[PDB]
Structure formats: C-alpha cells, structure tokens
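Q: To start, I am sharing the structure in question, which I have written as structure tokens.
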Amino acid sequence: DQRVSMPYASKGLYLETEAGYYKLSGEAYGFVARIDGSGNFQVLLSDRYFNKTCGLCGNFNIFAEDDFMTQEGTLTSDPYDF
Amino acid sequence: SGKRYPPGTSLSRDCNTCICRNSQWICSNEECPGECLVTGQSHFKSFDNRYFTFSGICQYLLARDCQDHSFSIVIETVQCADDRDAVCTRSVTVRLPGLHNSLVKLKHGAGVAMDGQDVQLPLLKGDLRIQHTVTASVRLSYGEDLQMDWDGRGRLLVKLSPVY
Amino acid sequence: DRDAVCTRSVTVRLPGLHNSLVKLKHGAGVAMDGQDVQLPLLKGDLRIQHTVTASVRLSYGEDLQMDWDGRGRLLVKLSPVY
Amino acid sequence: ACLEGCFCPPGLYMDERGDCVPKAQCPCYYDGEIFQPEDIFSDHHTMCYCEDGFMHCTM
Ligand SMILES: *[C@@H]1O[C@H](CO)[C@@H](O)[C@H](O)[C@H]1NC(C)=O
Ligand SMILES: [Ca+2]
C-alpha cells in the first residue's frame with residue numbers, strides 16, 4: 001500500500017523505464033512485463049514454461065485452438081466465461 | 001486449566017463428572033455421544049475428535065452401522081467455486097432399512113425428499129421426525145439414537161448415542 | 001347453526017397410477033397416501049401446484065383440473081371426452 | 001390466462017420466503033435442489049453454475 005518512487009529494484013524485480021515506456025523485468029523468474037503511454041499490457045515469457053502455464057493469456061504450447069483450458073481444466077468454445 | 005478449586009467440588013465435563021479428593025480428581029469412564037461433523041469446504045471431524053480434510057468429488061460414505069444395518073449415510077461432494085481447492089457438500093442421502101427400506105435426501109436448500117417426493121415439514125412417521133429448528137435448518141431424528149442437521153450450504157452433523 | 005354445512009376435505013382417487021389416493025386438506029395442503037407433500041408434485045400425469053400461492057390446482061392429464069378445498073370452493077374441469 | 005391476485009412489479013420476482021426480489025438473488029432449482037445465486041458446482045465431467053435464476057450447465 002505504500003507508494004514508492006521509480007526506478008525500483010527490490011527482490012530481483014527491476015522496475016525501470018525503457019524508451020519512454022515502463023518496464024518490469026523479472027529475468028530471475030522468467031518474465032518481462034511493460035506498459036506503453038496509451039496503456040497496452042505486454043508479457044514476454046520464457047520457454048521454461050512451455051506446456052506449463054495457464055491463465056488469461058493461455059498456455060504456451062504450439063497450438064492456438066486449445067488454449068482456453070479453464071481453472072478446472074475444460075476446453076471451452078466461449079472466449080468469455082473462460 | 002490453571003485455576004484452583006476447593007476439595008469436595010464436582011465439576012462436570014460434557015461427558016461425565018469429576019470430584020476433587022486429595023489433590024486427585026476421581027472420574028467416571030462411562031461413554032458419551034459422538035459427533036461426526038462436515039462443514040466449510042471439505043473439513044471433516046470424526047467421531048473420535050479427529051480433524052482432517054479430503055477434497056474429493058464423488059458420492060462418499062460418511063457413516064454406516066456395520067454389524068447390523070440400522071442405517072447408512074452418504075455424502076455427495078462437488079466442486080463449489082472457480083478454484084480446484086473448493087469442494088463443498090451439495091446433498092446427503094440417508095437410508096433406513098427399518099422402515100420400507102426408504103431413502104431420505106437432504107437437498108441443497110432446507111428441503112427434504114423421501115423417495116423422490118418433496119415433503120412439507122414436519123414429517124412424523126413412526127420413528128423418524130424431520131422438522132425445522134430455527135425455520136432455517138432441518139433436523140432428522142430417527143428413534144432416540146440418531147440426529148442430523150442441515151445440509152443446505154453444507155454443515156452436516158450427526159449425534160450417535162453410545163449404543164453404536 | 002344447523003343450516004351451515006361447509007366442505008372440510010375432498011378425496012381424489014386415480015386407479016391409473018398405483019391406485020393412489022390424494023387428499024386436499026382444510027388448508028392449502030395435499031396428502032398422498034398419508035404423506036404430506038411439498039408443491040409442486042410432477043409425477044408422470046398429475047401435476048399439483050399453487051396458483052396464487054394461496055390455492056392448490058390438481059391437473060391429471062389434459063382432461064381434468066381441480067381447485068382449492070381449503071375453506072371449501074372446490075371446482076372441476078371435465079373435457080368433452082367424458 | 002390473465003388472473004387476479006397479489007403480484008409485485010415486473011422488476012421484482014417472487015422468492016420462497018414471501019418477499020419478492022430482483023433476478024440477481026433469484027435462486028436456481030436444478031434437479032429440485034435450491035442453489036444460491038452464486039454456486040459454482042461440478043462433478044469431474046460436467047460444469048454448472050447459477051447466475052441469475054438459470055442454471056448454466058456445460059460438459
Ligand atoms: C504437456 O504435458 C502433458 C502432461 O504431462 C503431456 O501429457 C503432454 O505430452 C505435454 N505436451 C507438450 C506439448 O509438451
Ligand atoms: Ca495456445
């Protein structure tokens with residue numbers, strides 16, 4: 001809840017600005033998030049989580065049709081209740 | 001429990017009584033009723049005051065008389081939220097071979113259903129009585145050796161007397 | 001008075017289903033074969049449900065209706081097949 | 001038909017306890033069982049929930 005300044009580097013998470021746009025790097029944990037001026041979230045994520053992750057950005061597999069596997073595990077046709 | 005009592009007193013647990021004589025409580029060892037408890041998501045209590053958790057999704061057997069067959073209770077678990085670690089009780093099914101070999105069912109509300117038929121409470125049959133308690137919770141009472149509690153949102157109880 | 005003879009209950013009998021015996025009681029209550037029942041009661045043919053939540057309505061098939069016998073205002077609807 | 005009795009306005013629907021409520025907290029009656037307005041619910045194979053009065057099941 002405490003507002004901190006920026007940059008910031010605690011716990012292996014460097015919270016920087018790159019190219020006028022804000023970045024949150026976690027290379028120890030395997031991810032690089034960022035936001036632009038308009039507001040457009042982006043998540044670059046390593047191949048270590050191939051077949052492993054699941055969430056609102058889908059699993060990191062090769063296929064693109066099966067990547068709505070709900071928190072139970074259910075291939076749903078709807079992109080919304082997912 | 002960290003407080004002093006004079007001699008001759010008789011404090012009573014829920015189970016039995018104990019009396020102070022020569023700095024040594026004398027106590028009886030007569031049995032006292034047990035309570036299996038389902039509640040919360042998946043949190044069980046055995047009759048012997050054990051606590052544990054088992055988040056399975058099927059029709060499990062909660063209790064049963066096992067030398068004769070006066071009854072048998074059957075819990076029915078389902079997942080109950082988005083998470084996978086959330087498995088609440090939906091219904092429980094009771095079976096009385098002493099009366100018609102009937103089949104009572106406590107539903108996800110405060111409702112009861114004997115042999116498919118919904119029923120208005122009370123239900124004085126010969127042995128078993130089913131009635132509300134606060135008008136928000138059902139209570140089965142077969143004979144004088146069995147009680148139950150509401151399985152609407154999943155807080156089943158039992159009262160088994162020492163004859164079991 | 002002696003010139004006051006109201007209806008207390010009515011008893012219906014369906015030989016087509018179990019040779020059962022329905023009973024409409026002095027309230028809005030119903031009792032099949034001694035057992036009180038919560039409404040609705042969709043068995044195969046006969047439906048019993050409230051109407052305004054103050055009056056019962058039996059409906060056997062499509063050729064028979066009834067009405068509340070609580071305070072004594074029984075009705076029937078018999079279709080021309082009878 | 002167009003019957004006569006005690007109703008409540010079209011935004012409100014009738015609850016079991018005599019009060020009538022909007023369709024947000026209007027429970028579901030799946031398989032007879034009275035489920036609350038938010039009850040996620042599933043065996044292994046099926047997946048069902050109660051949104052606003054209706055029981056949205058899938059497989
Ligand atoms: C993903 O993991 C599952 C479960 O271990 C395995 O069955 C499957 O072959 C894996 N698929 C890929 C693309 O690695
Ligand atoms: Ca994919």
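Ligands are numbered from 1 in the order shown, residues from 1 within each chain, and chains are lettered A, B, ... in the order they appear in the structure tokens.
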Within 10 Å of ligand 2, which residues of chain A show up? Give each one with its shortest atom-to-atom distance in Å (one decimal) and the two atoms involved, counting only C-alpha atoms and all ligand atoms, rows by chain then rising residue number, as a tab-separated table.
A:
```
residue	atom	partner	partner_atom_place_in_ligand_line	distance
A:51	CA	ligand 2	1 (Ca)	8.9
A:54	CA	ligand 2	1 (Ca)	9.5
A:57	CA	ligand 2	1 (Ca)	8.6
A:58	CA	ligand 2	1 (Ca)	5.8
A:59	CA	ligand 2	1 (Ca)	5.1
A:60	CA	ligand 2	1 (Ca)	5.6
A:61	CA	ligand 2	1 (Ca)	5.0
A:62	CA	ligand 2	1 (Ca)	5.9
A:63	CA	ligand 2	1 (Ca)	4.7
A:64	CA	ligand 2	1 (Ca)	3.9
A:65	CA	ligand 2	1 (Ca)	6.3
A:66	CA	ligand 2	1 (Ca)	6.0
A:67	CA	ligand 2	1 (Ca)	4.2
A:68	CA	ligand 2	1 (Ca)	7.9
A:69	CA	ligand 2	1 (Ca)	9.6
```
Q: Using only C-alpha atoms, determine which residues lie at most 6 Å from residue D:34, disregarding the query and same-chain residues fewer than 2 positions distant; provide the list as a list in words.
A: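 What passes the distance filter is residues 108 and 109 of chain B; 28 and 29 of chain D.
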Q: Separation of atom CA of residue B:87 and atom CA of residue B:52, in Å?
A: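 Rounded to one decimal, the two atoms are 13.9 Å apart.
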Q: Please return, as a count of residues only, all residues of stretch 4-83 of chain B that DSSP assigns to strand (DSSP E or B) on the basis of the backbone.
A: 36
Q: Would you tabulate, counting only C-alpha atoms, all residues of chain C that have an atom at most 10 Å from an atom of chain D, showing the closest pair of atoms and their distance in Å to one decimal, sorted by chain then ascending number, as a tab-separated table?
A:
```
residue	atom	partner	partner_atom	distance
C:51	CA	D:3	CA	9.3
C:52	CA	D:5	CA	6.4
C:53	CA	D:6	CA	9.1
C:54	CA	D:5	CA	9.4
```
Q: Go ahead and write the selection's residues with C-alpha atoms as a JSON list (two decimals), in the first residue's frame.
A:
```
[["chain", "number", "residue", "atom", "x", "y", "z"],
["C", 51, "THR", "CA", -51.93, -20.88, -8.36],
["C", 52, "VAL", "CA", -51.61, -17.58, -6.47],
["C", 53, "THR", "CA", -49.56, -19.22, -3.69],
["C", 54, "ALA", "CA", -52.89, -19.41, -1.80]]
```
Q: Give me the residues within 12 Å of residue C:64 as a PDB file with C-alpha atoms, in the first residue's frame, counting only C-alpha atoms and dropping any in the same chain fewer than 4 places off.
A:
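As written to disk, around-v5.pdb reads:
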```pdb
ATOM      1  CA  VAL C  12     -59.358 -37.990  -5.150  1.00  0.00           C
ATOM      2  CA  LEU C  14     -56.556 -42.317  -9.511  1.00  0.00           C
ATOM      3  CA  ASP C  45     -49.536 -37.498 -15.352  1.00  0.00           C
ATOM      4  CA  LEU C  46     -50.795 -35.455 -12.394  1.00  0.00           C
ATOM      5  CA  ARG C  47     -49.373 -32.042 -11.554  1.00  0.00           C
ATOM      6  CA  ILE C  48     -50.230 -30.300  -8.292  1.00  0.00           C
ATOM      7  CA  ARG C  57     -54.551 -26.899  -8.502  1.00  0.00           C
ATOM      8  CA  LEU C  58     -54.521 -30.561  -9.488  1.00  0.00           C
ATOM      9  CA  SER C  59     -54.139 -31.389 -13.178  1.00  0.00           C
ATOM     10  CA  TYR C  60     -54.333 -35.054 -14.208  1.00  0.00           C
ATOM     11  CA  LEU C  75     -64.138 -26.817  -8.802  1.00  0.00           C
ATOM     12  CA  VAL C  76     -63.586 -29.269 -11.648  1.00  0.00           C
ATOM     13  CA  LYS C  77     -62.878 -29.024 -15.376  1.00  0.00           C
ATOM     14  CA  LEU C  78     -64.000 -32.062 -17.367  1.00  0.00           C
ATOM     15  CA  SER C  79     -63.223 -32.041 -21.066  1.00  0.00           C
ATOM     16  CA  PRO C  80     -65.756 -33.377 -23.604  1.00  0.00           C
ATOM     17  CA  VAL C  81     -64.103 -36.825 -23.709  1.00  0.00           C
ATOM     18  CA  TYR C  82     -66.228 -37.534 -20.595  1.00  0.00           C
TER      19      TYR C  82
END
```
Q: Between B:155, B:144, B:126, B:119, which is the closest to chain C once you count only C-alpha atoms?
A: B:119
Q: At what distance in Å, to one decimal, does atom CA of residue B:49 lie from atom CA of residue B:157?
A: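 Computed distance, atom CA of residue B:157 to atom CA of residue B:49, equals 13.0 Å.
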Q: Could you check how far atom CA of residue B:123 sits from atom CA of residue B:70, in Å to one decimal?
A: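 So the answer is 19.6 Å.
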Q: With the cut-off set at 8 Å and counting only C-alpha atoms, tabulate each residue of chain C with an atom at most that distance from an atom of chain B, showing the nearest atom pair and its distance in Å to one decimal, ordered by chain and increasing number, as a tab-separated table.
A:
```
residue	atom	partner	partner_atom	distance
C:35	CA	B:119	CA	7.7
C:36	CA	B:119	CA	5.9
C:37	CA	B:119	CA	4.0
C:38	CA	B:119	CA	4.4
C:39	CA	B:118	CA	7.3
C:41	CA	B:117	CA	7.3
```
Q: Taking C-alpha atoms for each residue, export the selection above as an mmCIF file, in the first residue's frame.
A:
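This is the output file out.cif:
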```cif
data_model
loop_
_atom_site.group_PDB
_atom_site.id
_atom_site.type_symbol
_atom_site.label_atom_id
_atom_site.label_comp_id
_atom_site.auth_asym_id
_atom_site.auth_seq_id
_atom_site.Cartn_x
_atom_site.Cartn_y
_atom_site.Cartn_z
ATOM 1 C CA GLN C 35 -47.693 -38.420 3.288
ATOM 2 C CA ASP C 36 -47.789 -34.645 3.268
ATOM 3 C CA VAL C 37 -46.078 -33.227 0.188
ATOM 4 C CA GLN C 38 -44.295 -30.056 -0.873
ATOM 5 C CA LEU C 39 -45.667 -28.484 -4.023
ATOM 6 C CA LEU C 41 -45.562 -32.657 -7.451
#
```
Q: Any idea which chain B residues end up within 12 Å of chain D if we count only C-alpha atoms, as a PyMOL selection string please?
A: chain B and resi 55-59+76-84+86-92+105-113+116-118+135-136+151-154
Q: Please identify all polymer residues within 9 Å of residue A:33, counting only C-alpha atoms, omitting same-chain residues fewer than 6 positions from it, and present them as a list in words.
A: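 So the residues in contact are residues 22, 23, 24, 25, 26, 41, 42, 43, 44 and 45 of chain A.
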Q: Please produce a file of those selected residues containing N, CA and C atoms, as a compact mmCIF listing (two decimals), in the first residue's frame.
A:
```txt
# COMPACT_ATOMS: atom_id res chain seq x y z
N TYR A 22 7.19 2.10 -19.58
CA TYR A 22 7.53 1.49 -18.30
C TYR A 22 7.70 -0.01 -18.44
N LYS A 23 8.66 -0.57 -17.70
CA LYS A 23 9.03 -1.97 -17.78
C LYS A 23 9.12 -2.56 -16.38
N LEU A 24 8.89 -3.87 -16.29
CA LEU A 24 9.01 -4.63 -15.05
C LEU A 24 9.67 -5.95 -15.42
N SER A 25 10.98 -6.05 -15.21
CA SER A 25 11.75 -7.21 -15.60
C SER A 25 11.96 -8.15 -14.43
N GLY A 26 11.88 -9.44 -14.70
CA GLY A 26 11.98 -10.49 -13.70
C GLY A 26 12.83 -11.65 -14.17
N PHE A 41 -0.85 -3.64 -22.02
CA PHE A 41 -0.04 -4.60 -21.29
C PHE A 41 0.62 -5.57 -22.26
N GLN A 42 1.83 -6.00 -21.90
CA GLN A 42 2.59 -6.95 -22.70
C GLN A 42 3.38 -7.81 -21.74
N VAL A 43 3.54 -9.09 -22.08
CA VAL A 43 4.17 -10.08 -21.22
C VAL A 43 5.04 -10.96 -22.10
N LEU A 44 6.34 -10.72 -22.08
CA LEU A 44 7.30 -11.62 -22.71
C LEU A 44 7.74 -12.64 -21.67
N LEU A 45 7.71 -13.92 -22.05
CA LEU A 45 7.81 -15.01 -21.11
C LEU A 45 8.62 -16.14 -21.73
```
Q: Could the residues of chain A within 12 Å of chain D, counting only C-alpha atoms, be given as a CSV table (one decimal) with C-alpha atoms, in the first residue's frame, please?
A:
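Just written: part27.csv:
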```csv
chain,number,residue,atom,x,y,z
A,70,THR,CA,-10.2,-23.2,-17.5
A,71,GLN,CA,-9.1,-23.2,-13.9
A,72,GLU,CA,-10.7,-26.6,-13.6
A,73,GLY,CA,-9.3,-27.7,-17.0
A,74,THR,CA,-12.1,-27.6,-19.6
A,75,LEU,CA,-11.7,-26.8,-23.3
A,76,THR,CA,-14.4,-24.1,-23.7
A,77,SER,CA,-15.6,-22.7,-27.0
A,78,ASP,CA,-16.5,-19.4,-25.5
A,81,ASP,CA,-16.7,-17.5,-19.5
```
Q: List the neighbours of residue B:29 out to 10 Å using only C-alpha atoms; skip same-chain residues closer than 3 positions along the sequence, and give me the result as a VMD selection string.
A: chain B and resid 15 to 17 32
Q: List the neighbours of residue D:51 out to 8 Å using only C-alpha atoms; skip same-chain residues closer than 2 positions along the sequence, and give me the result as a count of residues only.
A: 8
Q: Using only C-alpha atoms, which protein or nucleic acid residues come within 7 Å of residue B:137? Drop anything in the same chain fewer than 2 positions from it, and give the result as a list in words.
A: residues 110, 132, 133, 134, 135, 139, 149 and 150 of chain B
